[PDB]
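Colleague: To start, I am sharing the structure in question, which I have written as structure tokens.
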Amino acid sequence: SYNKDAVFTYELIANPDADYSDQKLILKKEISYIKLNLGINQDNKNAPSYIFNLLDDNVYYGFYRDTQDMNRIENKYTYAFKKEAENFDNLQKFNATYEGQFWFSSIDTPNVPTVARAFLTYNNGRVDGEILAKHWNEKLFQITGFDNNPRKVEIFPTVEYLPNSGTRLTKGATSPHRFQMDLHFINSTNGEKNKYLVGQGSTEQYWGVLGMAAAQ
């Protein structure tokens, strides 16, 4: 049921008559399947309904916009991968480094997409990494292995306020605002094993998706 040729999204149609009455801001929610090209896919550069990053024919990540009450809009982060392309090798002594991006929104700005840079190192099973601000080397999150499983990480904040947010987080490894993430190693269509790494997670205060590529 993976199909980068028909990716689910919502078209959210503004209700014009809400300009002059107490009707919902959104008139209708309509399903709309997108066919992805390699790289960044979006319909509008300044008010996109969705952004998806097809890293490879076998895996994408991104978000589409949703609303539960037809008034408030929030980004829904997701990822998908060809099932057969997932790598199930034993990665307990894995040696590799990944570089990519973390896309997220915060509870007080649920429709505002924040992009950060992400780095993850596998050294003989030890899993450690970091999430940095897009344009400068400020550390936003620490990444660490969870439960001695190379496919599970724990991500915890190292700042009290994320970009574009005024929601105060607690910092550090015992922070109740940390979260755990299941990761999936995806092989490339050009025969690179474990080339791509995707997962997603959430807390009450922020939620997002992680997508990464191996350093060759």
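By convention in this document, the chains of the structure tokens carry letters A, B, ... by their order, each chain's residues are numbered from 1, and ligands are numbered from 1 in the order they are shown.
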Residues within 9 Å of stretch 122-135 of chain A, please, as a PyMOL selection string. Count only C-alpha atoms; anything in the same chain fewer than 5 positions from it doesn't count.
Modeller: chain A and resi 91-98+101-102+114-117+140-146+148-150+153+155+163
Colleague: Pull the helix (DSSP H, G or I) assignments for stretch 18-204 of chain A out of DSSP run on the backbone, and list those residues as a VMD selection string.
Modeller: chain A and resid 18 to 19 83 to 85
Colleague: With N, CA, C and O atoms retained, export the selected residues as a short mmCIF file (atom, residue, chain, number, x, y, z; two decimals), in the first residue's frame.
Modeller:
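This went into result-v1.cif:
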data_model
loop_
_atom_site.label_atom_id
_atom_site.label_comp_id
_atom_site.auth_asym_id
_atom_site.auth_seq_id
_atom_site.Cartn_x
_atom_site.Cartn_y
_atom_site.Cartn_z
N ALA A 18 -17.51 32.90 5.23
CA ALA A 18 -17.05 33.10 6.60
C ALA A 18 -16.48 34.50 6.81
O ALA A 18 -16.30 34.91 7.97
N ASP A 19 -16.18 35.22 5.73
CA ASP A 19 -15.76 36.62 5.80
C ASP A 19 -16.82 37.52 6.42
O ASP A 19 -16.48 38.58 6.94
N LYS A 83 7.59 -1.33 1.38
CA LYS A 83 7.78 -2.35 2.40
C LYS A 83 8.99 -3.22 2.09
O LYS A 83 9.81 -3.49 2.97
N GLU A 84 9.12 -3.65 0.84
CA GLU A 84 10.20 -4.57 0.48
C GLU A 84 11.56 -3.92 0.59
O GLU A 84 12.57 -4.63 0.70
N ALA A 85 11.62 -2.59 0.54
CA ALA A 85 12.87 -1.86 0.61
C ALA A 85 13.39 -1.69 2.03
O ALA A 85 14.52 -1.21 2.20
#
Colleague: Each residue of stretch 88-139 of chain A with at least one atom at most 12 Å from stretch 169-184 of chain A should appear once, together with its nearest atom pair and the corresponding distance in Å (one decimal); atoms considered: only C-alpha atoms; ordering: chain, then increasing residue number; output as CSV.
Modeller:
residue,atom,partner,partner_atom,distance
A:88,CA,A:184,CA,8.7
A:89,CA,A:184,CA,11.1
A:91,CA,A:184,CA,11.6
A:106,CA,A:169,CA,10.7
A:107,CA,A:169,CA,11.5
A:120,CA,A:183,CA,11.6
A:139,CA,A:171,CA,11.6
Colleague: Can you spit out the residues from that selection as an mmCIF file, in the first residue's frame, using N, CA, C and O atoms?
Modeller:
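The resulting out_5.cif:
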data_model
loop_
_atom_site.group_PDB
_atom_site.id
_atom_site.type_symbol
_atom_site.label_atom_id
_atom_site.label_comp_id
_atom_site.auth_asym_id
_atom_site.auth_seq_id
_atom_site.Cartn_x
_atom_site.Cartn_y
_atom_site.Cartn_z
ATOM 1 N N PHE A 88 16.168 -5.203 7.360
ATOM 2 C CA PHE A 88 15.958 -5.826 8.660
ATOM 3 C C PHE A 88 17.229 -6.457 9.206
ATOM 4 O O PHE A 88 17.160 -7.286 10.117
ATOM 5 N N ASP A 89 18.384 -6.077 8.666
ATOM 6 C CA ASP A 89 19.651 -6.620 9.125
ATOM 7 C C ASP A 89 19.844 -6.364 10.615
ATOM 8 O O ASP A 89 19.187 -5.516 11.228
ATOM 9 N N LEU A 91 21.753 -4.614 13.174
ATOM 10 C CA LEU A 91 22.548 -3.399 13.204
ATOM 11 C C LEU A 91 23.113 -3.144 14.593
ATOM 12 O O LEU A 91 23.253 -1.991 14.996
ATOM 13 N N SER A 106 4.880 23.184 16.678
ATOM 14 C CA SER A 106 4.621 23.290 18.107
ATOM 15 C C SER A 106 3.143 23.584 18.358
ATOM 16 O O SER A 106 2.424 24.079 17.487
ATOM 17 N N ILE A 107 2.703 23.319 19.592
ATOM 18 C CA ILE A 107 1.271 23.334 19.882
ATOM 19 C C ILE A 107 0.678 24.732 19.747
ATOM 20 O O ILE A 107 -0.468 24.876 19.305
ATOM 21 N N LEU A 120 23.001 11.874 12.912
ATOM 22 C CA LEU A 120 22.911 10.685 13.753
ATOM 23 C C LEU A 120 24.080 9.776 13.423
ATOM 24 O O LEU A 120 24.309 9.463 12.248
ATOM 25 N N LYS A 139 22.071 23.897 19.044
ATOM 26 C CA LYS A 139 21.507 22.577 19.291
ATOM 27 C C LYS A 139 20.108 22.706 19.892
ATOM 28 O O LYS A 139 19.942 23.277 20.983
#
Colleague: Between atom CA of residue A:104 and atom CA of residue A:63, measure the distance and give it in Å to one decimal.
Modeller: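 Separation of atom CA of residue A:104 and atom CA of residue A:63: 9.3 Å.
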Colleague: Run DSSP on the backbone and tell me which residues of stretch 1-211 of chain A come out as strand (DSSP E); list them as a ChimeraX atom specification.
Modeller: /A:7-14,26-34,39-42,50-56,59-66,74-81,95-106,109-123,126-133,139-146,149-157,179-186,196-202,206-211
Colleague: So which one's closest to residue A:6, A:86, A:31, A:154, A:71? Using only C-alpha atoms, please.
Modeller: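 When distances to residue A:6 are compared using only C-alpha atoms, the smallest one comes from A:31.
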Colleague: Hey, what's within 8 Å of residue A:29 if we count only C-alpha atoms and toss same-chain stuff fewer than 6 positions away? As a PyMOL selection string, please?
Modeller: chain A and resi 10-13
Colleague: Between A:37, A:205, A:189, A:9, which is the closest to residue A:53 once you count only C-alpha atoms?
Modeller: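 Of all the options, A:37 lies closest to residue A:53.
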Colleague: Report, in Å with one decimal, the straight-line distance from atom CA of residue A:15 to atom CA of residue A:45.
Modeller: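 Distance between the two atoms: 21.9 Å.
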Colleague: Quote the spacing between atom CA of residue A:80 and atom CA of residue A:61 in Å to one decimal place.
Modeller: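 Distance reported for this atom pair: 6.5 Å.
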Colleague: List the spatial neighbours of residue A:208 as an NGL selection string - criterion: any atom at most 7 Å away, only C-alpha atoms, same-chain residues fewer than 3 positions off excluded.
Modeller: :A and (77 or 102-105 or 200-202)
